[PDB]
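K.L.:
sequence plus experimental coordinates follow:
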Amino acid sequence: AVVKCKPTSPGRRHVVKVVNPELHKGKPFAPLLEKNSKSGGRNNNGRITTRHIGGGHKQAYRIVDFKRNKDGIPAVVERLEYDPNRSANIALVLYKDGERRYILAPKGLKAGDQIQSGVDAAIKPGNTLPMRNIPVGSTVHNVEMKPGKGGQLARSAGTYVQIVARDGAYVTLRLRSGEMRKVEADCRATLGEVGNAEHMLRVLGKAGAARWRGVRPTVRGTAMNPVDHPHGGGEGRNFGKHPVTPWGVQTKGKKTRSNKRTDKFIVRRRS
Amino acid sequence: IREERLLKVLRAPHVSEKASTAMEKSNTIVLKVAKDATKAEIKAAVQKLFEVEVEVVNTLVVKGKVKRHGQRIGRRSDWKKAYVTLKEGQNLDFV
Amino acid sequence: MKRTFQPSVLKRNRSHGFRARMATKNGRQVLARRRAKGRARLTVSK
RNA sequence: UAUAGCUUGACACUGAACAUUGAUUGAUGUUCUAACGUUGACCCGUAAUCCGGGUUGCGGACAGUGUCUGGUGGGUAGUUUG
RNA sequence: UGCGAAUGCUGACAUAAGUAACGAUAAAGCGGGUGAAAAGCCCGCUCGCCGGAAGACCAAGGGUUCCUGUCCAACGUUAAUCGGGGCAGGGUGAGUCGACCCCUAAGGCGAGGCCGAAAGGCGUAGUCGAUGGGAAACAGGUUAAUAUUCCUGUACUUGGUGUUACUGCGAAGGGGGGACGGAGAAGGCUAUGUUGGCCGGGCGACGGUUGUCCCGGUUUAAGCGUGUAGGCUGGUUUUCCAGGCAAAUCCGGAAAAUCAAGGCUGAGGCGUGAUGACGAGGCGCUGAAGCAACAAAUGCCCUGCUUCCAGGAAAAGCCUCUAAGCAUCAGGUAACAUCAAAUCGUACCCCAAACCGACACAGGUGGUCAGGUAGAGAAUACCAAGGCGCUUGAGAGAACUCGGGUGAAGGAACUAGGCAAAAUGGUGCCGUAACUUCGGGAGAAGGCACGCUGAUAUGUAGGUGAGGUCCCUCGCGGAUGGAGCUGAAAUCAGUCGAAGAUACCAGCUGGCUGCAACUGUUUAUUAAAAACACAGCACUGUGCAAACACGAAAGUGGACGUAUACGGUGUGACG
Ligand SMILES: [Mg+2]
Ligand SMILES: [Mg+2]
Ligand SMILES: [Mg+2]
Ligand SMILES: [Mg+2]
Ligand SMILES: [Mg+2]
Ligand SMILES: [Mg+2]
Ligand SMILES: [Mg+2]
Ligand SMILES: [Mg+2]
Ligand SMILES: [Mg+2]
Ligand SMILES: [Mg+2]
Ligand SMILES: [Mg+2]
Ligand SMILES: [Mg+2]
Ligand SMILES: [Mg+2]
Ligand SMILES: [Mg+2]
Ligand SMILES: [Mg+2]
Ligand SMILES: [Mg+2]
Ligand SMILES: [Mg+2]
Ligand SMILES: [Mg+2]
Ligand SMILES: [Mg+2]
Ligand SMILES: [Mg+2]
Ligand SMILES: [Mg+2]
Ligand SMILES: [Mg+2]
Ligand SMILES: [Mg+2]
Ligand SMILES: [Mg+2]
Ligand SMILES: [Mg+2]
Ligand SMILES: [Mg+2]
Ligand SMILES: [Mg+2]
Ligand SMILES: [Mg+2]
Ligand SMILES: [Mg+2]
Ligand SMILES: [Mg+2]
Ligand SMILES: [Mg+2]
Ligand SMILES: [Mg+2]
Ligand SMILES: [Mg+2]
Ligand SMILES: [Mg+2]
Ligand SMILES: [Mg+2]
Ligand SMILES: [Mg+2]
Ligand SMILES: [Mg+2]
Ligand SMILES: [Mg+2]
Ligand SMILES: [Mg+2]
Ligand SMILES: [Mg+2]
Ligand SMILES: [Mg+2]
Ligand SMILES: [Mg+2]
Ligand SMILES: [Mg+2]
Ligand SMILES: [Mg+2]
Ligand SMILES: [Mg+2]
Ligand SMILES: [Mg+2]
Ligand SMILES: [Mg+2]
Ligand SMILES: [Mg+2]
Ligand SMILES: [Mg+2]
Ligand SMILES: [Mg+2]
Ligand SMILES: [Mg+2]
Ligand SMILES: [Mg+2]
Ligand SMILES: [Mg+2]
Ligand SMILES: [Mg+2]
Ligand SMILES: [Mg+2]
Ligand SMILES: [Mg+2]
Ligand SMILES: [Mg+2]
Ligand SMILES: [Mg+2]
Ligand SMILES: [Mg+2]
Ligand SMILES: [Mg+2]
Ligand SMILES: [Mg+2]
Ligand SMILES: [Mg+2]
Ligand SMILES: [Mg+2]
Ligand SMILES: [Mg+2]
Ligand SMILES: [Mg+2]
Ligand SMILES: [Mg+2]
Ligand SMILES: [Mg+2]
Ligand SMILES: [Mg+2]
Ligand SMILES: [Mg+2]
Ligand SMILES: [Mg+2]
Ligand SMILES: [Mg+2]
Ligand SMILES: [Mg+2]
Ligand SMILES: [Mg+2]
Ligand SMILES: [Mg+2]
Ligand SMILES: [Mg+2]
Ligand SMILES: [Mg+2]
Ligand SMILES: [Mg+2]
Ligand SMILES: [Mg+2]
Ligand SMILES: [Mg+2]
Ligand SMILES: [Mg+2]
Ligand SMILES: [Mg+2]
Ligand SMILES: [Mg+2]
Ligand SMILES: [Mg+2]
Ligand SMILES: [Mg+2]
Ligand SMILES: [Mg+2]
Ligand SMILES: [Mg+2]
Ligand SMILES: [Mg+2]
Ligand SMILES: [Mg+2]
Ligand SMILES: [Mg+2]
Ligand SMILES: [Mg+2]
Ligand SMILES: [Mg+2]
Ligand SMILES: [Mg+2]
Ligand SMILES: [Mg+2]
Ligand SMILES: [Mg+2]
Ligand SMILES: [Mg+2]
Ligand SMILES: [Mg+2]
Ligand SMILES: [Mg+2]
Ligand SMILES: [Mg+2]
């Protein structure tokens, strides 16, 4: 649910958090977590390849099942849990043979629900099956791009894709960014949408809230010196130049996509 | 242990006030041994040469002090000190 | 106040030790240059 | 005045068959696999999320790389500014 | 090959000049000893300082500075008989402490491999890598210097081998455990302290002090046994499915039979340890008391419980299940007996004269212990244990400088400016405006009482809580019961001083207004701000082999993320 804090202190005034009472409390499933060490925006060389990363709370990695290859085996939702790695919540499901796994909790799926995945599965939220068997116009999520690679599209909270057409071996999808993309019909997907759609209504309220998530302060290039940023410094507040990234490339409207390998799979660009 | 090895582990009996006090109160003799001599071979060499029944052996490595002989400064070599504890019914043989 | 030299033997040996010099090629060249000059102490190893 | 990067075309890796078409030779488009890609699946080395080989699938003469080349290029460099 | 210059280079020597200074204003005085010589050394009595330290002990760092004897050449900001100085000798004792060793984090290296003019870069399998996880000891005594190491007593852990009685053992594999966040709080405790009792000694240089008086002590560990406050968790049985790559008797799922319990963990308490040790004192010998109540930790139960979002290591040790293989064999189990536990460090300084600062330097330096009286308090004041008087002193008592105290009348008239000073300052109760984002403003502003004595009440409200009585397997049990101890606050009456928040400690307040919403960051060493950041907003690029960034490339971050995400840019809460 959505709730606004009380303006007791200056930090809690604009805080707007989302508390889900149906989420499990306590330690997650033991034989599904992995060690996840923070990087800080630094590659193998040690340099900062991505700025504004570093710090934040410690997080254990929850192994989430994106392929859903366990076909022809019914599974029951045991409980919805919290995942710090992604913006969507996860659900611990139990299989008929006694196997537990993590899956992206779709919108509406509660504990005790029956989910199945396969060519012979049924059309209901949470069930996985090849997109060639999914009716056109339906809303799916966790869609694959290759037949057997795992879910990559529509994985964030509240995201989903619609099957707009199916012609032969390819299925045209409308992505959450407004793109129409051709995908092989043999690729799989999951019916419904991703839960936690109220995730976007949250407000941090203070810089400390952002510092907990591993986000460092962003210094405006205009406030730097000429040797630091192309926007450089000056006597007072002077810009006098076209906005560009801190490497010389013109931002604010300049397209940066250059990929002739996947143009045949893109029907219409976003807008 | 090699008989030729036990002959070289012992260096000299350590004379001192603490050693003499331990000898007549704790029944323990203080001996200069090789720097690489272990407690087992020290006990074996003592029982073989001194003909005394050894109870337990305690050792410690003494660090060498810095001195000056004339105008040159030197560093004395290190040496291990063994506290050989003989049995209550055993006395020491000097040869 | 706090000066620039904070003596630590572990950091000293990992930075300037003999094995650290021998690990890299420039370290071996430094050791060769020191042997050529006749240095009584090649590295910081004690 | 140059140059990294980005980007355009030509030649090589780089093939086949057909239709339209500009002049025996080019361009366009549609199919195919055998070059090539695969940060899709499985098996083996192998009690290994590296790597190599095999099968299969998807792309496919595209992408990408090399030489030449037009544009852009204070991102970088050397300089001038009596 | 010729020197007077080059703020020329090197060495020696003048000048200032016998001048500044002799390094925290915590402080010294005297008697004796030694000595050539004593303010500085030792001994003795007084005085002052610290005492969440200027005490005690570790890890780093140093390496002999540790103890003893001897010397005062040089060093010590003075002298020196003294020293962290010179010289010689002595001193560091471990199955239980740490290293070492087993296992891993970040990270490093890296057989093959990929990439790259070369040198080399990345990286798989592996191997290193603590600041983390893994077996085990305590009390007293002893040296000039070591002790949890040596002695006494009393313990504990691990492994090898041999014998006896039973027995399916076996991993480079599967499962469990290891195993983990912040904040809050109270239930029981303990360390510890106060008092009472008991024991030993005293009857006070000056008015009283045989008593309700004074002084000191009144200690005892590890381990073993018992298994309590509390915490977690239903147990046993059988049939089945096969998810854990193979198997599984293990974990996972299902179904029924059953019993209202079972198991795990767990401080503290008591017995033993201990007829011992220690023990004030008395004569190397002996050595009495050695109990109770209350108060109470930030330490333990507690890796607990509650709650919250930011969702909070790994692996090994350990337990458990089997594959290959071995079936009077091996191996495992239980008992006993022996053997082994190697090597390295151990001295000393660690709020410092010994480490980092060129110094015997008013600086810095991680961790553990934490007494009494007041106090909320680890603040503060005075003290205990313990450690110190800070390595130049003696005189006088000018200007002037430094750090303070007081000050008539006035009270900011000073000055760029109330700079600095002066002033407020606590608890409890009453009371409190504009405005407001309804939370604040606010401790607004302002006011009243505060000491001691007696009574209520020979100590009340409250807390703790003994003996006895009753009940039940019979106990570290329940009810009762209230002795004893402990113990605020309030009122009334009285009383003393100029003053009772009496010392130290301890907000100055209000009004208008610019800037930035706020908490925060910033030019280490002249600028802490209106500057940066920030939550929020908008634009923009990116469909994943993403954009983008570091890399000749491989490769890596983005991200083990997927448009409710990521990057860049500008603005900067909110209306
Ligand atoms: Mg794990
Ligand atoms: Mg990462
Ligand atoms: Mg950013
Ligand atoms: Mg993450
Ligand atoms: Mg910014
Ligand atoms: Mg921002
Ligand atoms: Mg600037
Ligand atoms: Mg500037
Ligand atoms: Mg520029
Ligand atoms: Mg301007
Ligand atoms: Mg202008
Ligand atoms: Mg011993
Ligand atoms: Mg030793
Ligand atoms: Mg030598
Ligand atoms: Mg591969
Ligand atoms: Mg230029
Ligand atoms: Mg030039
Ligand atoms: Mg001359
Ligand atoms: Mg001249
Ligand atoms: Mg001059
Ligand atoms: Mg003068
Ligand atoms: Mg003068
Ligand atoms: Mg003077
Ligand atoms: Mg002085
Ligand atoms: Mg001075
Ligand atoms: Mg005399
Ligand atoms: Mg005297
Ligand atoms: Mg003095
Ligand atoms: Mg004295
Ligand atoms: Mg204090
Ligand atoms: Mg000490
Ligand atoms: Mg050391
Ligand atoms: Mg030194
Ligand atoms: Mg040492
Ligand atoms: Mg010395
Ligand atoms: Mg000394
Ligand atoms: Mg003299
Ligand atoms: Mg002198
Ligand atoms: Mg001496
Ligand atoms: Mg000395
Ligand atoms: Mg140990
Ligand atoms: Mg590693
Ligand atoms: Mg490497
Ligand atoms: Mg190699
Ligand atoms: Mg290792
Ligand atoms: Mg460690
Ligand atoms: Mg000592
Ligand atoms: Mg395991
Ligand atoms: Mg676990
Ligand atoms: Mg841990
Ligand atoms: Mg906590
Ligand atoms: Mg107690
Ligand atoms: Mg008496
Ligand atoms: Mg009298
Ligand atoms: Mg008394
Ligand atoms: Mg079961
Ligand atoms: Mg918790
Ligand atoms: Mg959350
Ligand atoms: Mg078998
Ligand atoms: Mg020691
Ligand atoms: Mg010591
Ligand atoms: Mg300290
Ligand atoms: Mg100091
Ligand atoms: Mg020093
Ligand atoms: Mg001094
Ligand atoms: Mg000092
Ligand atoms: Mg105190
Ligand atoms: Mg008190
Ligand atoms: Mg006070
Ligand atoms: Mg004091
Ligand atoms: Mg004292
Ligand atoms: Mg001291
Ligand atoms: Mg002084
Ligand atoms: Mg004066
Ligand atoms: Mg003055
Ligand atoms: Mg004054
Ligand atoms: Mg006046
Ligand atoms: Mg006056
Ligand atoms: Mg006035
Ligand atoms: Mg005024
Ligand atoms: Mg004026
Ligand atoms: Mg004036
Ligand atoms: Mg002032
Ligand atoms: Mg004042
Ligand atoms: Mg007030
Ligand atoms: Mg006010
Ligand atoms: Mg009590
Ligand atoms: Mg009066
Ligand atoms: Mg103040
Ligand atoms: Mg103005
Ligand atoms: Mg501000
Ligand atoms: Mg501030
Ligand atoms: Mg500054
Ligand atoms: Mg700034
Ligand atoms: Mg690449
Ligand atoms: Mg990558
Ligand atoms: Mg701005
Ligand atoms: Mg503004």
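P.N.:
Yep, it's here. Numbers count the residues shown, from 1 in each chain, chains lettered A, B, ... in the order given. Ligands and ions are numbered 1, 2, ... in the order given.
K.L.:
list the contacts for the closest residue to RNA strand D within the stretch 1-150 of chain A?
P.N.:
The stretch 1-150 of chain A approaches RNA strand D most closely through residue A:148 (3.4 Å), counting by C-beta to the nearest atom of the strand. (Each C-beta comes from the backbone N, C-alpha and C, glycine too.) Residues in contact with residue A:148 (C-beta atoms under 8 Å, 6 or more residues apart in numbering or on different chains) are A:67, A:69.
K.L.:
how close does it get to RNA strand E?
P.N.:
Per C-beta to the nearest atom of the strand, to the nearest Å, residue A:148 is found 12 Å from RNA strand E.
K.L.:
isn't there a strand covering that residue?
P.N.:
No: residue state for residue A:148 (DSSP: H, G, I helix; E, B strand; the rest coil) corresponds to coil; a strand is not indicated.
K.L.:
please tell me how far it sits from residue A:184.
P.N.:
10 Å (C-beta to C-beta, to the nearest Å).
K.L.:
now the strands: where do they sit in chain C?
P.N.:
Here chain C has no strands by DSSP state E.
K.L.:
quick one: the helices in it, in order.
P.N.:
C:9-16, C:18-23, C:25-37 (DSSP state H).
K.L.:
can you say which of the ones you listed is nearest to RNA strand E?
P.N.:
Of these, nearest to RNA strand E by C-beta to the nearest atom of the strand is helix C:9-16, at 3.0 Å.
K.L.:
the closest one to helix C:25-37, inter-axis angle?
P.N.:
Taking axes from the mean of the first three to the mean of the last three C-alpha atoms, to 10 degrees, one finds helix C:9-16 and helix C:25-37 inclined to each other by 90 degrees.
K.L.:
what residue of chain B is the furthest out?
P.N.:
residue B:71 (32.7 Å; C-alpha atoms, centre = their mean).
K.L.:
highest average neighbour count across the helices of chain C?
P.N.:
Of all these, helix C:18-23 has the most neighbours on average by mean count of other C-beta atoms under 10 Å in any protein chain shown, namely a mean of 14.
K.L.:
can you name every helix or strand that that one contacts?
P.N.:
helix C:25-37 (3 or more C-beta pairs under 8 Å, 6 or more residues apart in numbering or on different chains; DSSP states H and E).
K.L.:
starting at the chain centroid, how far to the helix it packs on?
P.N.:
11 Å (C-alpha atoms, centre = their mean, to the nearest Å).
K.L.:
so which residues make contact with it?
P.N.:
Contacts of helix C:25-37 (C-beta under 8 Å, 6+ apart): C:18, C:20-22, C:42-43.
K.L.:
how about a cut-off of 7 Å?
P.N.:
The contact list for helix C:25-37 (C-beta atoms under 7 Å, 6 or more residues apart in numbering or on different chains) reads C:20-22, C:42.
K.L.:
same check, this time on stretch A:122-137
P.N.:
Under the criterion C-beta under 7 Å, 6+ apart, residues A:68, A:106-109, A:113, A:115-119, A:121, A:140, A:162-163, A:165-166, A:171, A:183, A:185-192 lie in contact with stretch A:122-137.
K.L.:
again, but for stretch B:12-30
P.N.:
Against stretch B:12-30 from outside (C-beta under 7 Å, 6+ apart): B:31-32, B:81, B:83-86, B:88, B:92.
K.L.:
so where do the helices sit in chain B?
P.N.:
B:3-9, B:17-25, B:39-49.
K.L.:
as PDB, could you dump the C-alpha coordinates of the last one?
P.N.:
Output for helix B:39-49, consisting of C-alpha atoms alone and laid out as PDB, is shown next (Å, rounded to 0.1, in the frame of the first residue of the first chain):
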ATOM      1  CA  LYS B  39      63.400 -30.700  22.300                       C
ATOM      2  CA  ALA B  40      63.200 -34.400  21.200                       C
ATOM      3  CA  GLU B  41      66.800 -34.700  20.100                       C
ATOM      4  CA  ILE B  42      67.900 -32.500  23.000                       C
ATOM      5  CA  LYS B  43      66.300 -34.900  25.500                       C
ATOM      6  CA  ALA B  44      67.700 -37.900  23.500                       C
ATOM      7  CA  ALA B  45      71.300 -36.500  23.500                       C
ATOM      8  CA  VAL B  46      71.100 -35.600  27.200                       C
ATOM      9  CA  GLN B  47      69.900 -39.100  28.100                       C
ATOM     10  CA  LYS B  48      72.500 -40.700  25.900                       C
ATOM     11  CA  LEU B  49      75.600 -38.600  26.900                       C
END
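K.L.:
same for it, what does it pack against?
P.N.:
For helix B:39-49, the packing partners by 3 or more C-beta pairs under 7 Å, 6 or more residues apart in numbering or on different chains; DSSP states H and E come out as helix B:3-9, strand B:54-62.
K.L.:
now those as JSON lines including distance to residue A:81 and mean neighbour count?
P.N.:
What follows is those, written out as JSON lines (distance: least, C-beta to C-beta, whole Å; neighbours: other C-beta atoms under 10 Å in any protein chain shown):
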{"stretch": "helix B:3-9", "distance to residue A:81": "68", "mean neighbour count": "14"}
{"stretch": "strand B:54-62", "distance to residue A:81": "59", "mean neighbour count": "14"}
